[PDB]
Structures are given as C-alpha cells and as structure tokens.
Ligand code: HEM
Ligand SMILES: CCCCCCCC(=O)O
C-alpha cells in the first residue's frame with residue numbers, strides 16, 4: 001500500500017516528548033534534522049520504541065555499541081522477512097539472501113561471493129579505471145554541472161554493467177530497476193508510488209537476466225573462455241550451473257547485487273565531493289598526501305553512511321540497555337547514528353581523512369550480513385579519487401545540495417560542481 005509522503009517542516013526535536021520522535025520520517029536527512037534527532041536519542045533514549053508511524057511500531061537503536069550487539073546476534077534479531085522498515089509492494093516481493101537467516105543465507109552468499117573477491121576485482125580494475133577516465137575526461141571546466149547524473153550515476157551504471165557483463169548500452173536499466181525497488185514509498189518512504197511500472201521492471205528484469213544467462217551458456221558451449229563477470233563465474237561453479245532452474249534465487253540475488261551497489265556507491269561518490277568542500281583543509285591535505293586516498297574512502301563512507309539503517313525482527317524477548325524488545329518487534333539499527341556516535345569517533349561530524357579508526361565505521365554493518373561488495377565499493381571510490389587528483393586542482397561545490405526523500409537511502413539528487421584543471 002503506497003503513500004505519497006508530503007513534506008511538512010520537521011519540528012525541532014527539543015519541542016517533542018521522546019515517545020513522539022519518529023525516525024521513519026523520510027525528510028529528516030533532506031531538512032538536516034537527522035543529526036539533532038539521533039543525538040537526542042543516543043543521549044536520552046538509545047533503545048527507543050515508536051508505537052505509531054506510517055510503517056507501524058518500531059524500535060530505534062542509535063548507539064554504535066548497541067548496533068554491533070544487534071547486527072552480531074542474527075539468532076536473536078532475524079533478517080527475515082525484510083531488511084527495510086516497511087514492506088515491498090503487494091505481490092512484488094523478491095527473495096534476496098540479505099533478508100535470509102542461516103543456513104539458507106550462507107549457501108546463497110557462497111554461490112555469489114567469488115565475483116567481488118579481491119582476486120576477481122584485480123581482473124576488473126583496468127576496465128573500471130578506463131571507464132572512469134572516459135567520464136572524467138568528458139566533464140566541462142569552469143562551468144557548474146550536476147555531478148549526480150554526470151559522474152556518480154554514470155560511474156555506478158558502468159560499475160554494475162562491468163560486474164554482470166550486462167549489455168553496456170542498456171546499463172541505465174540496472175540503475176532504473178534498483179531505484180524503483182529500494183525507493184518504494186511502502187518500504188523506505190521513497191518517492192516511488194507507481195506499482196504498474198514495478199510489475200514492468202519485474203518482467204523486464206526476469207527477461208533480460210534469463211537472456212544474459214542463455215547468451216553466456218551458448219558462448220560457453222561454443223568453447224568461449226569464462227570471463228570475470230558474475231554469470232561466467234556462476235556457470236563455471238558446479239553448484240550454480242543450473243541456477244536458472246531456481247528463478248527466485250537467480251533473479252532475487254541478481255536484483256540484490258544491483259540494488260546493493262546502486263545508491264550506495266553513487267552517494268559515496270557524491271558525498272565525498274561535498275565532505276571535502278565542507279572541510280576544505282582535508283582536500284589541501286589529500287593533494288599533499290595522495291597516499292591517504294584508501295583511508296579517506298573509509299572516512300567518506302563513515303561520514304556519508306549511504307544506508308541510514310537496516311531492519312530486524314526479534315525472534316524472542318531481548319533485554320537491551322534496560323528495555324525489553326518483544327518477540328516480533330521490528331528493530332532499526334541506525335548506522336547513520338552509530339557513525340556519528342562520539343562514544344566511538346571523537347569529533348564524529350568532522351571529515352578527518354587520516355582518522356586512524358575510520359575503517360571501524362558500520363556503514364557496511366557487522367556480522368554474517370556484512371556488505372558483500374565492500375571491496376568493490378572501496379575500489380570504485382579509490383579509482384575515482386586517483387583519477388580525479390591526476391586531472392583536477394579544485395572541485396568546488398556551488399549552491400546547496402538537493403537531498404533524496406527516504407528513511408533508508410542518504411543520497412543526493414543534485415550536487416552542482418565546478419572543476420579547475422591542473
Ligand atoms: C558505499 C557502498 C556500500 C555500502 C555503504 C553498503 C552497505 C551495506 C550494508 C549496511 C549491508 C547490510 C549489513 C548488515 O545487515 O549487517 C550490505 C549488505 C550487502 N551489500 Fe552492500 N554496501 C555498499 C556497496 C555494495 C556493492 C557495490 C554491492 C554489490 C555489488 C553490495 C552488495 C551487498 C550485498 C549482496 C549485501 C548482502 C550481504 C549479506 O546479507 O550477506 N554492496 N551492504
Ligand atoms: C543492501 C541493499 C538491499 C536493499 C533492499 C531493498 C528492497 C526493498 O525495498 O524491498
């Protein structure tokens with residue numbers, strides 16, 4: 001049941017009773033209230049029950065420490081049946097291993113893990129660097145342009161096409177299908193309300209992925225050598241040779257990977273540019289010390305936290321910081337709060353590119369569901385920033401960033417950038 005969320009000014013959090021703070025509001029990030037809202041919960045109600053929202057009753061866990069406890073304890077806090085606050089559109093549910101408990105989760109993850117293993121990422125690195133070079137060489141100088149479509153959306157589309165060996169000139173479909181899956185109003189308070197186009201996406205996605213399998217199956221029978229892409233790898237491994245005979249698992253986990261990498265990588269790419277503009281000393285420091293890029297990528301991902309939360313269901317009664325979460329209660333782990341928790345990160349709101357524990361961020365989560373594409377994400381941002389510093393002396397954000405409506409995605413729709421050449 002899809003709802004067109006209407007933007008009302010969000011109240012100053014100090015003018016509310018604790019019981020009334022609703023973190024499911026998808027305009028908290030846009031209106032720059034998320035910070036104050038999460039600070040007050042961290043300090044006064046770090047394990048907080050909201051009895052009423054558009055999405056029903058849910059708990060918010062906002063302290064770094066408590067997020068680790070919940071994320072680690074998969075047996076107490078199930079990932080089934082969903083991993084977002086709300087529900088997917090009626091009859092348009094997709095079986096992803098992210099929304100799965102062991103042993104089933106482990107089997108499906110093992111089947112697909114190899115594609116983003118550092119060994120296989122080495123095979124792709126040259127192509128990802130080349131496709132990055134092309135886009136950056138195409139950008140206008142001394143002219144403000146929208147970074148989101150031009151670089152972030154573009155590089156992300158290419159990344160997903162590279163990974164799947166998807167028809168390169170149909171790569172916009174992977175972004176479009178991903179946006180409408182993860183941005184459904186019913187799931188995340190996103191802007192997407194049209195369920196007809198979502199049924200179209202399901203048909204278009206099941207067709208195109210079944211086609212890509214058959215095309216690769218033919219080239220292999222024709223004796224062509226297996227490539228570095230996911231379908232090649234799945235067709236090589238004997239467990240996943242007949243994966244097209246498990247259509248739920250096949251389309252589900254293919255959809256999971258594209259949803260997985262889409263907004264996440266894009267908003268990391270946009271977020272990084274903004275973070276270095278709001279903290280101009282960090283950019284001066286990055287240019288003098290470009291060996292900081294790897295750690296900066298960790299700090300950008302901590303600072304952005306592209307996915308605000310992940311949801312779980314208590315499998316039994318669980319005591320947590322003096323609160324009793326009841327069997328069946330929905331629990332949000334607010335990673336966006338944990339990565340700003342001064343109990344872990346001194347000066348948690350500042351971008352510090354040489355932050356020595358940057359890598360201890362929880363943007364990828366923690367435990368058996370820790371991000372499968374972490375290495376791919378870090379690679380793409382490292383590559384982006386290596387290629388940027390080669391070409392550009394300054395990256396100047398102009399005007400105000402426009403932010404996406406969601407309680408799940410922390411993203412940008414517009415980020416106006418002026419480039420200066422070296
Ligand atoms: C900045 C980029 C990214 C961030 C911030 C991110 C964040 C996350 C988070 C928070 C989880 C779940 C953690 C948990 O429940 O404990 C996750 C899982 C996952 N991510 Fe990512 N991710 C990113 C990039 C990617 C990319 C590029 C891919 C694939 C190409 C990907 C694929 C996945 C998959 C498959 C899972 C499910 C893991 C499992 O359930 O076993 N992610 N990611
Ligand atoms: C880690 C990426 C997985 C996000 C799943 C969102 C799909 C839905 O809204 O049902």
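No lab work stands behind these numbers, since they all come straight from the coordinates. Note: ideal-geometry Cβ built from the backbone for every residue, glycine included; neighbour counts use all protein chains shown.
Here are the numbers for this structure:
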| quantity | calculated |
| --- | --- |
| Pairwise FRET efficiency - residue 326 versus residue 125, Cβ, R0 = 51 Å, nearest 0.05 | 0.60 |
| Highest-first arrangement of 204-212, 220-228, where packing means the average Cβ count within 10 Å | 204-212, 220-228 |
| Residues 128, 67, sorted so that the one with the fewest Cβ neighbours within 10 Å comes first | 128, 67 |
| Two-site FRET efficiency, residue 165 against residue 386, from Cβ-Cβ distance with R₀ of 41 Å, rounded to 0.05 | 0.95 |
| Whole-angstrom gap from segment 1-53 to segment 402-422, using each part's C-alpha centre | 23 Å |
| Proxy reagent accessibility, fewest Cβ within 10 Å first, across 61, 313 | 313, 61 |
| Peptide ranges 182-190, 14-22, 107-115 listed from the most packed, as the mean C-beta count within 10 angstrom indicates | 182-190, 107-115, 14-22 |
| Cβ-based exposure ranking for 415, 136, in which fewest neighbours within 10 Å come first | 136, 415 |
| Alpha-carbon centroid distance for the pair segment 223-282 / segment 60-136, whole angstrom | 10 Å |
| Value of relative contact order over the chain, rounded to a whole percent, pairs C-alpha under 8 Å and six or more apart | 26 percent |
| Förster radius 22 Å - calculated FRET efficiency between residue 317 and residue 93 (Cβ-Cβ, nearest 0.05) | 0.20 |
| Mean Cα-pair separation over length for segment 262-381, i.e. relative contact order, pairs under 8 Å, 6 or more apart, % | 31 percent |
| Full-extension gain in nm, residue 3 to residue 422, via 0.36 nm per residue minus C-alpha separation | 146.0 nm |
| Cα gyration tensor, segment 336-400 - rounded (a/c under 1.5), prolate or oblate | oblate |
| Prolate/oblate/rounded call for the chain, Cα gyration tensor, a/c under 1.5 rounded | oblate |
